[PDB]
Each structure stands twice: as structure tokens, then as C-alpha cells.
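**Student:** can you look at this? It's an experimental structure, sequence on top.
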Amino acid sequence: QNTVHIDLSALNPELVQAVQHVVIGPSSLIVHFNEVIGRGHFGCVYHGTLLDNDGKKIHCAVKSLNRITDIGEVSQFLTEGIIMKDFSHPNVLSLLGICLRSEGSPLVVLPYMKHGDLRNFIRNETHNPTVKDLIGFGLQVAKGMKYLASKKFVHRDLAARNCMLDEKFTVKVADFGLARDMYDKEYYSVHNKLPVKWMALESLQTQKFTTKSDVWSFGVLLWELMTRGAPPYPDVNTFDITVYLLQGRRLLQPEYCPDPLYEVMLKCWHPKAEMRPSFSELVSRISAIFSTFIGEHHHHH
Ligand SMILES: CN(C[C@@H]1COCCO1)S(=O)(=O)Nc1ccc2ccc3ncc(-c4cnn(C5CCNCC5)c4)cc3c(=O)c2c1
């Protein structure tokens with residue numbers, strides 16, 4: 001399995017051409033394969049060492065595929081690396097490069113995020129973020145999402161688990177495993193495991209995803225923030241969620257969440273997609289709530 005050989009000819013030429021101009025030479029990368037830092041659908045994430053244009057040791061995160069059975073898995077994995085190549089926004093994680101050696105899985109090289117994932121960070125009783133800190137994290141995610149939507153990319157997997165915090169406490173949308181280019185169509189329909197509890201009503205029904213269905217997921221992400229990383233609908237099973245939402249039942253107000261912030265969450269979960277605020281409107285509304293909330297804080301958002 002470490003001896004897997006990828007036939008580049010079986011992949012789309014545009015993708016190989018795309019991977020070619022972001023390729024990291026195998027000599028420039030040290031994967032700390034005995035140091036797992038993240039886990040997802042695709043595989044594991046490892047502590048890594050990148051040697052820059054000169055020779056300075058850059059600390060990084062290395063994504064790898066777990067069990068490579070088919071070429072489609074490789075094609076999907078390389079597509080996520082490609083989607084990230086042109087990202088340039090402080091609230092979006094950038095691509096350092098792709099290492100594709102003679103044997104083994106391709107490696108997606110990413111900048112190392114010191115404090116790890118947003119969900120675990122907010123659940124940690126040593127970090128203890130204030131109500132204002134949590135709002136600030138929400139604002140940062142909204143900004144990143146405004147940028148991704150303006151580039152016509154639909155995330156489809158927005159959750160606190162998929163966001164990371166660097167050394168300066170800057171929140172970044174980090175995982176792009178389910179992300180898809182909308183091109184000009186203003187949507188994405190499944191063709192080829194989805195996170196049900198963060199999905200918009202219309203997406204559970206029609207399998208179609210948009211910026212407005214990402215807005216729904218942002219609302220859930222906001223709820224996770226204010227509850228300090230609690231699972232949504234814990235007493236509702238995955239399979240019953242569609243009926244539960246058609247009946248008009250939503251996630252209830254967290255114990256220390258301001259009234260206008262919960263009002264924003266409810267707007268994100270509006271049954272009619274057109275009615276939901278845009279990410280532009282969310283940035284402005286959350287910015288106003290943040291700046292007018294006078295409570296203790298630490299970080300800069
Ligand atoms: C969302 N997933 C992570 C999930 C989150 O839920 C838990 C399982 O992994 S996933 O693996 O699918 N995608 C990604 C996507 C990008 C990254 C990028 C950078 C990254 N940087 C630091 C840390 C780190 C990890 N820990 N630390 C610090 C180490 C010292 N203690 C404080 C945290 C830094 C972990 C990561 C990652 O694993 C990572 C993971």
C-alpha cells in the first residue's frame with residue numbers, strides 16, 4: 001500500500017497540468033509519519049518539515065490518503081489541493097504544495113496551524129474563550145466564507161472541526177474535502193457520507209448545494225461556537241433530521257448567546273434559500289454585534 005503506483009495518464013490532463021505547477025520536490029519534504037495531527041474521510045494528517053527556496057525549515061501539515069483503492073480517490077484528493085492553490089485571504093487556509101513521488105499516495109502540504117481545530121480549541125478548559133472571543137471567531141469564519149463565495153466555490157462541509165487557529169489566533173476555513181467549483185451554474189449537484197446535521201433542508205432533499213446552503217451550515221457553525229463545541233441535535237438521529245426541519249424545529253438558543261446573534265442563526269436556517277442573508281450581510285451583521293458587545297476578550301478578529 002506504501003508501494004502504490006499512480007498512473008498519471010488515467011487522470012484528467014488539466015488536473016496533472018494544475019498539480020505540476022504546485023509540485024513540491026520529494027527532496028524538500030520530511031513527513032513525520034510517526035506524528036498524526038488530524039484525521040478525516042480521506043486519511044491522516046502528519047507533522048511535516050518543508051525546506052524553502054533558500055533552506056529555512058518550515059513547519060507544516062501533510063495530508064495523505066489512507067487506503068488507495070481506485071483512481072477516483074486520487075483525482076478527488078488532488079482536486080482539493082488544486083481548489084486551494086489560488087486562495088489568498090487571512091481566514092482561508094492556503095496550499096503550500098503537492099508532493100507526488102514515484103510511489104505512495106500524493107501528499108497535500110499545508111501551513112501548520114499551532115492551536116489546531118476550532119471545535120477542540122473552544123472545548124478546551126485552559127483556553128476558555130469569552131462570549132466576545134466566540135463571536136469574533138464567528139466573524140472570522142464569515143469573512144473567509146464571503147471570500148470563498150465571491151470565488152464561486154461551495155464548501156458543503158462547513159463545521160467548527162474544519163476550521164483551524166494559527167499562532168496569532170486567526171481562524172481559517174481549513175478543510176476543503178467536499179468543496180466544488182460552481183463555475184457559472186450557481187450550484188453543485190452530487191453525482192459521484194455527507195454531514196447531515198450541518199446540511200440545509202433543500203440539500204438533504206434535492207442533493208443540490210449552493211452558497212445559501214453554506215449559509216445554513218455557517219448558522220450551525222455559529223451555534224457550535226456559542227455552545228462551546230456541543231454536538232447539534234444530540235437527541236435527533238441522522239435519518240430523522242429532514243422531517244424534524246420540515247416541522248419548523250431548529251437548534252435552540254445557547255445559554256450565554258446574545259439575542260441578536262441567535263436571531264442571525266435563525267435567519268441562516270430560513271426554509272426558503274433566497275430569504276437567507278448573504279455572507280456579505282453576515283459579515284456586516286456579525287461585525288455590528290461584535291463591536292457592540294462589551295465583555296472581556298483577548299484575541300484580535
Ligand atoms: C479537519 N480535520 C482535522 C480534524 C479535526 O478534528 C480532529 C481530527 O482532525 S482533517 O484532518 O480532515 N483536515 C485538515 C485540514 C488541514 C489541516 C491543516 C493544518 C493543521 N495544523 C495543525 C494541526 C494541529 C493538531 N494539533 N495541533 C496542536 C498540537 C499541540 N496541541 C495543541 C494542538 C495542531 C492540525 C492540522 C490538520 O490536521 C489539518 C487537518
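**Tutor:** Cool, the structure landed. Numbers count the residues shown, from 1 in each chain.

**Student:** contact residues of this structure facing the ligand?
**Tutor:** Contact residues (CB under 6 Å from any ligand atom) of the chain with the ligand: 37-40, 45, 61, 110, 112-113, 115-117, 161-162, 164, 174-175. Just so you know, the C-beta spots here come from the backbone N, C-alpha and C atoms, and that holds for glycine as well.

**Student:** mind running it again at 5 Å?
**Tutor:** Residues of the chain that fall close to the ligand, judged by CB under 5 Å from any ligand atom: 37-40, 45, 61, 110, 112-113, 116-117, 161-162, 174-175.

**Student:** show me which pair in the residues you listed is furthest apart.
**Tutor:** Spatial extent of the residues of the chain next to the ligand (CB to CB) is set by the pair 112 and 161 at 17.5 Å.

**Student:** quick one on the thing from earlier: among the residues of the chain next to the ligand, name the ones in strands.
**Tutor:** 37, 38, 39, 45, 61, 110 (DSSP state E).

**Student:** surely the fourth one is in contact with residue 66?
**Tutor:** So the one you mean is residue 45. No: contact criterion CB atoms under 8 Å: residue 45 and residue 66 do not qualify, at 11.0 Å.

**Student:** which elements pack onto the helix ranked longest in the chain?
**Tutor:** Assignment by DSSP state H gives helix 131-150 as the longest helix of the chain. Counting contacts by 3 or more CB pairs under 8 Å, 6 or more residues apart in numbering; DSSP states H and E, helix 131-150 packs against helix 118-123, strand 171-173, helix 211-226, helix 279-292.

**Student:** and for the second one, what's in contact with it?
**Tutor:** Surrounding strand 171-173, the residues in contact under the criterion CB atoms under 8 Å, 6 or more residues apart in numbering are 90-93, 113, 118, 137, 140-141, 144-145, 148, 155, 158, 162-166, 301.

**Student:** how about a cut-off of 7 Å?
**Tutor:** Strand 171-173 has contacts (CB atoms under 7 Å, 6 or more residues apart in numbering) with 91-93, 113, 118, 137, 140-141, 144-145, 148, 155, 162-166.

**Student:** and what of the first one?
**Tutor:** Contacts made with helix 118-123 from outside it, assessed by CB under 7 Å, 6+ apart, are listed as 115, 127, 129, 134, 137, 160-161, 163-165, 171, 224-225, 228-229.

**Student:** distance check, the residue of the stretch 201-301 of the chain found nearest the ligand against residue 27.
**Tutor:** Closest approach between the stretch 201-301 of the chain and the ligand, counting by CB to the nearest ligand atom: residue 229, at 10.6 Å. According to CB to CB, to the nearest Å, residue 229 and residue 27 sit 40 Å apart.

**Student:** who has more neighbours, those two?
**Tutor:** More crowded of residue 229 and residue 27, by other CB atoms under 10 Å: residue 229, with 17 against 9.

**Student:** contact partners for that one?
**Tutor:** Neighbouring residues of residue 229 by CB under 7 Å, 6+ apart: 119, 122, 123, 160.

**Student:** just give the nearest non-adjacent residue to residue 52, would you?
**Tutor:** residue 58 (5.6 Å; CB to CB, 6 or more residues apart in numbering).
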